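Note sheet for the following structure.
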Amino acid sequence: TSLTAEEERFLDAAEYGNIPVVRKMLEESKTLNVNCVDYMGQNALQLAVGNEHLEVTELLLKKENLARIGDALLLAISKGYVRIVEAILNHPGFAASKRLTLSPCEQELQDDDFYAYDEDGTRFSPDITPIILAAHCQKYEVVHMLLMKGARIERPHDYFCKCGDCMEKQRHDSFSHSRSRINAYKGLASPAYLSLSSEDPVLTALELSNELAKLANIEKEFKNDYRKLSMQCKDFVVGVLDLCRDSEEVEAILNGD
Amino acid sequence: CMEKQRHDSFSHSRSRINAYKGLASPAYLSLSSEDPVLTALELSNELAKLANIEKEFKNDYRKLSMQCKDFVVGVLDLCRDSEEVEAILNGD
Ligand SMILES: [Zn+2]
Ligand SMILES: [Zn+2]
């Protein structure tokens, strides 16, 4: 292990959540850069977030230069740790930047290891955003939090779009482009994002069901994926209809305003 | 093999099945050698041929062949770039 002894002493306590040892270690030590690594290639912050420890994650976030913050956010969103998500969103790195909204694949030059995982690639697909991942996992609290910050799933372009961006993404890694479209639609078709996304979500779900059925007929390779998403939308609509227990609510769902 | 066949031929066949159930395991398949998808494909074919040959433990060998096929398909499923799909679909 290339790591030295002091940073190992730091990381063991950070992983196992011993608040005072980590606090004493990172307070005024000349060495012990917080961006150090571990046996599995992980980080102090990622080991702290992997096993829910709001205190350790907060005291690590106090440090100005901390690496792999976006990976920690995606790991917290993957789980139900809403407090850790709030803490990481309160970080000044997210506040004054566009990093939260746009995907890790196309956010910036990406020289910084903002969303990086161990060494080679991101934890999840490079197309998945924090909000798309929250919709995938169906975390209602996290979806609402990310929607408050203005992070919304961008509806993918039409299949036959010929804009310069879609053509450029089609030239290289057309498979990855199709996979990213499917991820965006699986995020949009999530009951969490459907309910918390917009006013009148039953009409949104019906229209998205129709759109996904048409794209299932068009693609014909990922037909089963799009049909599953269309069934998700149909089930959401039927579930919203089922909860009605007055005639006024039934009338409101059966015909709009 | 002849000596092991003379006494306890049943135990010999059982030991062969145990060795193949160890080889066809996703753990040993992944951690055993470089390029494990080709290893799993070849082992799937070998286990299918031995299922046709034995005919007493046909179901055991068919289960192991299905294990190998499932491992190959699972490794293929995880691809999320076109380069990885191309690498799995054709070797080096
Ligand atoms: Zn376009
Ligand atoms: Zn022999």
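Chain labels run A, B, ... following the order of the structure tokens; each chain numbers its residues from 1, and ligands are numbered from 1 in the order shown.
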Selection as a list in words: residues within 7 Å of ligand 1 by only C-alpha atoms and all ligand atoms
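Based on only C-alpha atoms and all ligand atoms, ligand 1 is surrounded within 7 Å by residues 157, 158, 161, 162, 163, 164, 165 and 166 of chain A.
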| message | Can you work out which residues are within 10 Å of ligand 2, considering only C-alpha atoms and all ligand atoms, and then hand them over as a PyMOL selection string? | response | chain B and resi 1-5
With C-alpha atoms kept, could you save the residues just selected as a compact mmCIF listing (two decimals), in the first residue's frame?
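Wrote result_19.txt, looks like this:
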```
# COMPACT_ATOMS: atom_id res chain seq x y z
CA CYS B 1 -8.18 -42.52 -14.67
CA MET B 2 -8.36 -46.27 -15.29
CA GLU B 3 -7.32 -46.99 -11.70
CA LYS B 4 -9.94 -44.59 -10.35
CA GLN B 5 -12.49 -46.19 -12.68
```
Using only C-alpha atoms, the shortest atom-to-atom distance to chain A among B:90, B:30, B:25, B:82 belongs to B:82
**Q.** Contact set, chain B to chain A: 10 Å, only C-alpha atoms, as a PyMOL selection string
**A.** chain B and resi 79-83+85
Please list as a tab-separated table (two decimals) with N, CA, C and O atoms, in the first residue's frame every residue within 12 Å of region 206-219 of chain A, counting only C-alpha atoms and excluding residues in the same chain fewer than 6 positions away.
```tsv
chain	number	residue	atom	x	y	z
A	155	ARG	N	-35.77	16.51	-21.06
A	155	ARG	CA	-36.43	15.55	-21.95
A	155	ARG	C	-35.55	15.30	-23.17
A	155	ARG	O	-35.11	16.26	-23.81
A	156	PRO	N	-35.26	14.05	-23.51
A	156	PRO	CA	-34.39	13.78	-24.65
A	156	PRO	C	-35.03	14.21	-25.96
A	156	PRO	O	-36.26	14.22	-26.10
A	157	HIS	N	-34.18	14.58	-26.91
A	157	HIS	CA	-34.66	15.02	-28.21
A	157	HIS	C	-35.40	13.90	-28.93
A	157	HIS	O	-35.29	12.72	-28.59
A	158	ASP	N	-36.19	14.29	-29.93
A	158	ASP	CA	-36.89	13.31	-30.75
A	158	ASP	C	-35.90	12.36	-31.40
A	158	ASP	O	-34.75	12.72	-31.69
A	159	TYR	N	-36.34	11.12	-31.64
A	159	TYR	CA	-35.46	10.11	-32.22
A	159	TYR	C	-34.86	10.59	-33.53
A	159	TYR	O	-33.67	10.38	-33.79
A	160	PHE	N	-35.67	11.23	-34.37
A	160	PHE	CA	-35.23	11.67	-35.69
A	160	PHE	C	-34.70	13.10	-35.70
A	160	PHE	O	-34.68	13.73	-36.76
A	178	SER	N	-27.96	5.96	-27.31
A	178	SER	CA	-29.23	5.29	-27.08
A	178	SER	C	-29.40	4.92	-25.61
A	178	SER	O	-30.50	5.06	-25.04
A	179	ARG	N	-28.33	4.45	-24.97
A	179	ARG	CA	-28.41	4.10	-23.55
A	179	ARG	C	-28.72	5.32	-22.70
A	179	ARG	O	-29.50	5.23	-21.74
A	181	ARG	N	-30.39	7.99	-23.71
A	181	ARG	CA	-31.81	8.28	-23.93
A	181	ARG	C	-32.69	7.39	-23.06
A	181	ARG	O	-33.66	7.87	-22.45
A	182	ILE	N	-32.38	6.10	-23.00
A	182	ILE	CA	-33.18	5.19	-22.19
A	182	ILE	C	-33.08	5.55	-20.72
A	182	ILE	O	-34.07	5.46	-19.98
A	184	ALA	N	-32.57	8.60	-19.48
A	184	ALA	CA	-33.38	9.80	-19.28
A	184	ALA	C	-34.86	9.46	-19.23
A	184	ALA	O	-35.61	10.00	-18.40
A	185	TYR	N	-35.31	8.54	-20.09
A	185	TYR	CA	-36.72	8.17	-20.08
A	185	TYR	C	-37.09	7.34	-18.86
A	185	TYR	O	-38.21	7.45	-18.36
A	186	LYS	N	-36.17	6.50	-18.37
A	186	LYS	CA	-36.44	5.76	-17.14
A	186	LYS	C	-36.47	6.68	-15.94
A	186	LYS	O	-37.15	6.37	-14.94
A	187	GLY	N	-35.76	7.80	-16.00
A	187	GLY	CA	-35.90	8.80	-14.96
A	187	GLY	C	-37.20	9.57	-15.06
A	187	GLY	O	-37.86	9.84	-14.04
A	188	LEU	N	-37.60	9.93	-16.28
A	188	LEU	CA	-38.85	10.67	-16.46
A	188	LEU	C	-40.07	9.82	-16.12
A	188	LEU	O	-41.04	10.33	-15.55
A	189	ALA	N	-40.03	8.54	-16.46
A	189	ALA	CA	-41.16	7.65	-16.21
A	189	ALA	C	-41.22	7.14	-14.78
A	189	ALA	O	-42.01	6.24	-14.49
A	190	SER	N	-40.42	7.69	-13.88
A	190	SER	CA	-40.45	7.24	-12.50
A	190	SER	C	-41.61	7.89	-11.75
A	190	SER	O	-41.85	9.09	-11.90
A	191	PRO	N	-42.35	7.11	-10.95
A	191	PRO	CA	-43.46	7.70	-10.18
A	191	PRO	C	-43.03	8.86	-9.30
A	191	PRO	O	-43.80	9.82	-9.13
A	194	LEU	N	-42.52	11.74	-11.68
A	194	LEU	CA	-43.82	12.06	-12.26
A	194	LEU	C	-44.68	12.85	-11.29
A	194	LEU	O	-45.30	13.85	-11.67
A	200	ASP	N	-50.52	18.83	-12.49
A	200	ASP	CA	-51.31	17.90	-13.28
A	200	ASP	C	-50.44	16.74	-13.77
A	200	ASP	O	-50.20	16.62	-14.98
A	225	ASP	N	-37.55	-2.38	-23.01
A	225	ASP	CA	-37.30	-1.31	-22.06
A	225	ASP	C	-38.37	-0.23	-22.15
A	225	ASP	O	-38.96	0.17	-21.13
A	226	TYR	N	-38.64	0.26	-23.36
A	226	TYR	CA	-39.64	1.30	-23.53
A	226	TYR	C	-41.03	0.81	-23.17
A	226	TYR	O	-41.85	1.58	-22.65
A	227	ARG	N	-41.33	-0.47	-23.42
A	227	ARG	CA	-42.64	-0.99	-23.02
A	227	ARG	C	-42.76	-1.09	-21.51
A	227	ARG	O	-43.83	-0.82	-20.95
A	228	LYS	N	-41.67	-1.45	-20.82
A	228	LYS	CA	-41.69	-1.42	-19.36
A	228	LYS	C	-41.92	-0.01	-18.84
A	228	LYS	O	-42.69	0.19	-17.89
A	229	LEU	N	-41.28	0.98	-19.45
A	229	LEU	CA	-41.48	2.36	-18.99
A	229	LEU	C	-42.91	2.83	-19.26
A	229	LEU	O	-43.52	3.53	-18.44
A	230	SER	N	-43.47	2.46	-20.42
A	230	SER	CA	-44.85	2.81	-20.72
A	230	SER	C	-45.81	2.16	-19.73
A	230	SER	O	-46.79	2.77	-19.30
A	231	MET	N	-45.53	0.90	-19.35
A	231	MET	CA	-46.34	0.25	-18.33
A	231	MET	C	-46.20	0.93	-16.98
A	231	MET	O	-47.17	1.00	-16.22
A	232	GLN	N	-45.01	1.44	-16.67
A	232	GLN	CA	-44.84	2.22	-15.44
A	232	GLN	C	-45.74	3.45	-15.45
A	232	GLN	O	-46.40	3.76	-14.44
A	233	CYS	N	-45.76	4.18	-16.57
A	233	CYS	CA	-46.62	5.37	-16.65
A	233	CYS	C	-48.09	5.00	-16.52
A	233	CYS	O	-48.85	5.65	-15.78
A	234	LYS	N	-48.53	3.95	-17.23
A	234	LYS	CA	-49.92	3.52	-17.13
A	234	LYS	C	-50.27	3.13	-15.69
A	234	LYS	O	-51.35	3.48	-15.19
A	235	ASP	N	-49.37	2.42	-15.02
A	235	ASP	CA	-49.63	2.01	-13.64
A	235	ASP	C	-49.70	3.22	-12.72
A	235	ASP	O	-50.51	3.24	-11.78
A	236	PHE	N	-48.87	4.24	-12.95
A	236	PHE	CA	-48.97	5.44	-12.14
A	236	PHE	C	-50.31	6.12	-12.32
A	236	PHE	O	-50.93	6.56	-11.34
A	237	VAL	N	-50.78	6.23	-13.56
A	237	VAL	CA	-52.07	6.86	-13.81
A	237	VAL	C	-53.19	6.09	-13.11
A	237	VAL	O	-54.05	6.68	-12.44
A	238	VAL	N	-53.18	4.76	-13.25
A	238	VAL	CA	-54.22	3.95	-12.63
A	238	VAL	C	-54.14	4.04	-11.11
A	238	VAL	O	-55.17	4.06	-10.42
A	240	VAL	N	-53.04	6.63	-9.31
A	240	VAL	CA	-53.59	7.92	-8.91
A	240	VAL	C	-55.11	7.90	-8.98
A	240	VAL	O	-55.80	8.45	-8.11
A	253	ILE	N	-60.22	13.80	-11.86
A	253	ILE	CA	-59.25	12.99	-12.59
A	253	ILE	C	-59.79	12.61	-13.96
A	253	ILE	O	-59.05	12.61	-14.95
```
*asked:* To test your reading of the structure, identify every residue in region 6-226 of chain A that backbone DSSP assigns to helix (DSSP H, G or I), and report it as number ranges by chain.
replied: A: 6-16, 19-26, 44-50, 54-61, 69-78, 82-89, 92-95, 130-137, 140-148, 164-171, 174-188, 191-197, 201-219, 223-226
Q) Hey, can you check how far CA of residue 77 (chain B) sits from CA of residue 223 (chain A)? A)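 Spanning CA of residue 77 (chain B) to CA of residue 223 (chain A) is a straight-line distance of 16.0 Å.
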Exercise for review: Work out how far apart CA of residue 154 (chain A) and CA of residue 101 (chain A) are and give it in Å to one decimal.
Suggested key: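 CA of residue 101 (chain A) lies 9.5 Å from CA of residue 154 (chain A).
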So the first atom is CA of residue 152 (chain A) and the second is CA of residue 257 (chain A); what is the distance between them in Å, to one decimal place?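 CA of residue 257 (chain A) lies 25.4 Å from CA of residue 152 (chain A).
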task: Considering only C-alpha atoms, return as a ChimeraX atom specification whatever protein or nucleic-acid residues lie within 12 Å of residue 40 (chain B), sequence-local ones (same chain, fewer than 4 positions apart) excluded.
output: /B:20,23-36,44-47,64-75
Between A:32, A:22, A:84, A:109, smallest distance to residue 59 (chain A) by only C-alpha atoms belongs to A:22
Name all residues at most 6 Å from residue 115 (chain A) (count only C-alpha atoms; drop same-chain ones fewer than 4 positions away) and give them as a PyMOL selection string.
chain A and resi 68+70-71
Write out, as a PDB file, in the first residue's frame, the residues just selected, with N, CA, C and O atoms.
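Saved file out_5.pdb follows:
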```pdb
ATOM      1  N   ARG A  68     -13.625  14.164  -5.343  1.00  0.00           N
ATOM      2  CA  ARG A  68     -14.700  13.188  -5.542  1.00  0.00           C
ATOM      3  C   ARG A  68     -15.921  13.519  -4.682  1.00  0.00           C
ATOM      4  O   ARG A  68     -16.454  12.672  -3.963  1.00  0.00           O
ATOM      5  N   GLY A  70     -18.810  14.756  -6.142  1.00  0.00           N
ATOM      6  CA  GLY A  70     -19.956  14.301  -6.910  1.00  0.00           C
ATOM      7  C   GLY A  70     -20.211  12.814  -6.760  1.00  0.00           C
ATOM      8  O   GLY A  70     -21.362  12.369  -6.736  1.00  0.00           O
ATOM      9  N   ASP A  71     -19.140  12.020  -6.664  1.00  0.00           N
ATOM     10  CA  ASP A  71     -19.311  10.596  -6.400  1.00  0.00           C
ATOM     11  C   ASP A  71     -19.966  10.373  -5.046  1.00  0.00           C
ATOM     12  O   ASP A  71     -20.826   9.498  -4.900  1.00  0.00           O
TER      13      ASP A  71
END
```
Q.
For residue 60 (chain A), find every residue with an atom within 12 Å (counting only C-alpha atoms), except residues of its own chain fewer than 2 positions away, and show them as a PyMOL selection string.
A. chain A and resi 10-11+14-15+17+19+22-27+33-35+43-49+53-58+62-69+72+84+87-88+91
